[PDB]
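Asker: give me coordinates for this.
(one chain, ligands or ions: 4)
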Amino acid sequence: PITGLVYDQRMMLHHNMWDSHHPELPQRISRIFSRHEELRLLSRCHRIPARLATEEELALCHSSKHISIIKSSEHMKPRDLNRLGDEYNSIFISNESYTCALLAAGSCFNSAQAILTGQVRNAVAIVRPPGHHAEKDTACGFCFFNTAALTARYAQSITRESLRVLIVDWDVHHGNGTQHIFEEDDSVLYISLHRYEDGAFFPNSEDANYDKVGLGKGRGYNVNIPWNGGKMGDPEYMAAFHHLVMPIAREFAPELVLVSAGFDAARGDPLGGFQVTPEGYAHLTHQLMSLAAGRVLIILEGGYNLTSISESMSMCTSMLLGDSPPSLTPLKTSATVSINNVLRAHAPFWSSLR
Ligand SMILES: NC(=O)c1ccc2c(c1)CCCN2Cc1ccc(C(=O)NO)cc1
Ligand SMILES: [K+]
Ligand SMILES: [K+]
Ligand SMILES: [Zn+2]
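Answerer: Numbering: from 1, shown residues only. Ligands and ions are numbered 1, 2, ... in the order given. Here you go:
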């Protein structure tokens with residue numbers, strides 16, 4: 001009946017040497033860590049050490065070439081770092097980026113191991129750079145390796161291939177990498193909520209639409225909940241969890257839950273433009289804790305308002321520790337439309353939606 005926490009100051013070393021104000025800042029993780037101390041959560045948790053992912057672990061999800069290319073950046077001069085980052089959509093690289101990405105993934109492997117070996121019930125990973133946009137063969141959107149996807153495969157590698165893992169991605173962006181990595185898998189249920197705007201919102205692909213339900217034996221195991229029409233908040237997210245995320249997750253019956261927990265849908269985020277409150281994130285966390293005998297690992301993805309992410313992730317940890325949920329309106333029309341589109345898309349696969 002213990003909550004694990006992983007954080008390591010070394011993940012701050014990845015930085016943007018050309019634009020020190022780029023929103024994916026080092027102090028995202030230190031601010032969140034500090035807020036956990038201030039709220040007296042850190043002393044309630046079991047500290048899990050960070051470690052480097054190995055290259056063989058990276059190969060659970062990534063090509064040898066991709067791994068090789070990111071590793072080669074450790075030794076590059078500034079202009080070669082610039083050139084290499086520019087071969088991707090929305091990436092900056094410093095000499096420390098590869099190590100930090102390794103630490104983010106390995107931290108999460110150690111957390112999943114702690115859960116699956118019974119050392120802890122649940123856990124939180126305060127890590128950067130983020131992961132969910134990283135593809136098999138490429139970096140994207142501040143992400144080098146797909147930490148959550150790798151964690152699902154690492155879990156399978158210490159249990160069985162068919163271990164049922166649910167990944168709930170509540171970052172405001174679509175986890176294109178995660179979707180693609182698991183598109184043909186029925187062992188990993190990917191559920192993403194994300195701002196879409198008919199492709200106007202990053203990463204700007206119709207892959208994120210509600211009709212992408214999975215492929216082959218993975219058909220039904222990819223659930224996209226795309227928002228259109230501007231700001232969404234607690235009412236919409238609670239409704240999506242009520243009608244879609246929780247009924248599907250219960251029917252799937254996961255043995256492990258990973259949260260791609262970006263906090264860029266939060267009130268105050270300059271990129272997300274949404275209004276999810278710390279109390280809202282606490283309720284989402286508490287609902288997920290009813291799955292998988294409580295085996296939930298919360299992995300930081302995006303989120304760029306330092307105060308908002310610190311308060312929101314801390315509230316999630318409070319819920320993992322067993323604190324009672326804090327106290328928390330009709331949905332915007334477009335949100336009803338989105339939810340109904342996903343329900344229609346997934347009723348063929350999930351009896352609970354019928
Ligand atoms: N303010 C900025 O420097 C900045 C950087 C990147 C960016 C924007 C602003 C707004 C348009 C889209 N992008 C790319 C981007 C933005 C967010 C993320 C992210 O949070 N993914 O989960 C990944 C990539
Ligand atoms: K998402
Ligand atoms: K899948
Ligand atoms: Zn994001």
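Asker: how about residue 241, phi and psi?
Answerer: Dihedral pair for residue 241: phi -70, psi -40, per degrees, to the nearest 10.
Asker: what's the separation between the residue lying closest to it once chain neighbours are set aside and residue 170?
Answerer: Excluding the flanking residues, the one nearest residue 241 by C-beta to C-beta, 6 or more residues apart in numbering is residue 287, at 5.6 Å. (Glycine included, C-beta is placed from N, CA and C.) To residue 170, residue 287 is 11 Å away according to C-beta to C-beta, to the nearest Å.
Asker: more crowded one of those two?
Answerer: Under the criterion of other C-beta atoms under 10 Å, the comparison of residue 287 against residue 170 puts residue 170 first, with 29 against 18.
Asker: need the contact list for the nearest residue to the more buried one once chain neighbours are set aside.
Answerer: Spatial nearest neighbour of residue 170, chain neighbours left out: residue 193 (5.5 Å); criterion: C-beta to C-beta, 6+ apart. Listed by C-beta atoms under 8 Å, 6 or more residues apart in numbering, the contact partners of residue 193 are 169-170, 225, 227, 237, 240, 245, 265.
Asker: again, but for residue 28
Answerer: 128, 300, 303-304, 306, 309 are the contacts of residue 28 under C-beta under 8 Å, 6+ apart.
Asker: what sits against the residue nearest to residue 241?
Answerer: By C-beta under 8 Å, 6+ apart, the neighbours of residue 287 are 241, 245-246.
Asker: turn these into JSON lines, including neighbour count and distance to residue 339.
Answerer: Shown next, in JSON lines, are the contacts of residue 287 (neighbours: other C-beta atoms under 10 Å; distance: C-beta to C-beta, whole Å):
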{"residue": "241", "neighbour count": "22", "distance to residue 339": "11"}
{"residue": "245", "neighbour count": "24", "distance to residue 339": "11"}
{"residue": "246", "neighbour count": "19", "distance to residue 339": "13"}
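Asker: mind listing the strands for this protein?
Answerer: With DSSP state E as the criterion, the chain has strands at 3-7, 46-47, 122-126, 165-169, 188-195, 222-227, 256-261, 296-300.
Asker: in the stretch 1-150 of the chain, what residue lies closest to ligand 1?
Answerer: Using C-beta to the nearest ligand atom, the single residue of the stretch 1-150 of the chain nearest to ligand 1 is residue 141, 3.4 Å away.
Asker: wait, isn't that residue in contact with residue 133?
Answerer: Yes - between residue 141 and residue 133 there is a contact under C-beta atoms under 8 Å: 3.3 Å.
Asker: hmm, residue 53 and residue 102 touching each other?
Answerer: Yes - between residue 102 and residue 53 there is a contact at 4.7 Å, judged by C-beta under 8 Å.
Asker: just the endpoints, please. Distance across stretch 285-296?
Answerer: Start-to-end span of stretch 285-296 (C-alpha to C-alpha, to the nearest Å) is 9 Å.
Asker: ignore the last one, stretch 316-335
Answerer: Terminal-residue distance, stretch 316-335 (C-alpha to C-alpha): 24 Å.
Asker: with stretch 149-165 instead?
Answerer: 10 Å.
Asker: so how far is that stretch from its chain's centroid?
Answerer: How far stretch 149-165 lies from its chain's middle: 16 Å, per C-alpha atoms, centre = their mean, to the nearest Å.
Asker: go on, stretch 258-267?
Answerer: 7 Å.
Asker: for stretch 344-354, same thing?
Answerer: The mean C-alpha position of stretch 344-354 is separated from the chain mean by 25 Å, C-alpha atoms, centre = their mean.
Asker: go on, stretch 1-20?
Answerer: 15 Å.
Asker: how about that stretch: buried residues?
Answerer: For stretch 1-20, the neighbour count (16 or more other C-beta atoms under 10 Å) marks 3-8, 11-12, 14-16 as buried.
Asker: circling back to that earlier point, what's the spacing between the residue nearest to residue 170 and residue 128?
Answerer: In terms of C-beta to C-beta, residue 193 sits 21 Å off from residue 128.
Asker: same thing with residue 251?
Answerer: From residue 251 to residue 128 the distance is 34 Å (C-beta to C-beta).
Asker: got it, and residue 98?
Answerer: In terms of C-beta to C-beta, residue 98 sits 13 Å off from residue 128.
Asker: residue 6 now?
Answerer: Distance from residue 6 to residue 128, by C-beta to C-beta: 12 Å.
Asker: pick the one among the contacts of residue 28 closest to residue 163.
Answerer: Lowest distance from residue 163 to the contacts of residue 28 (C-beta to C-beta) belongs to residue 300, with 23.0 Å.
Asker: how about that closest one, what does it touch?
Answerer: 28-29, 32, 125-128, 130, 261-263, 309, 313.
Asker: partners of it in the sheet?
Answerer: Beta bridges link residue 300 to residue 261 when assigned by DSSP bridges.
Asker: residues of the stretch 51-200 of the chain that sit close to ligand 3?
Answerer: Selection of the stretch 51-200 of the chain residues close to ligand 3 by C-beta under 5 Å from the ion yields 182, 185, 190.
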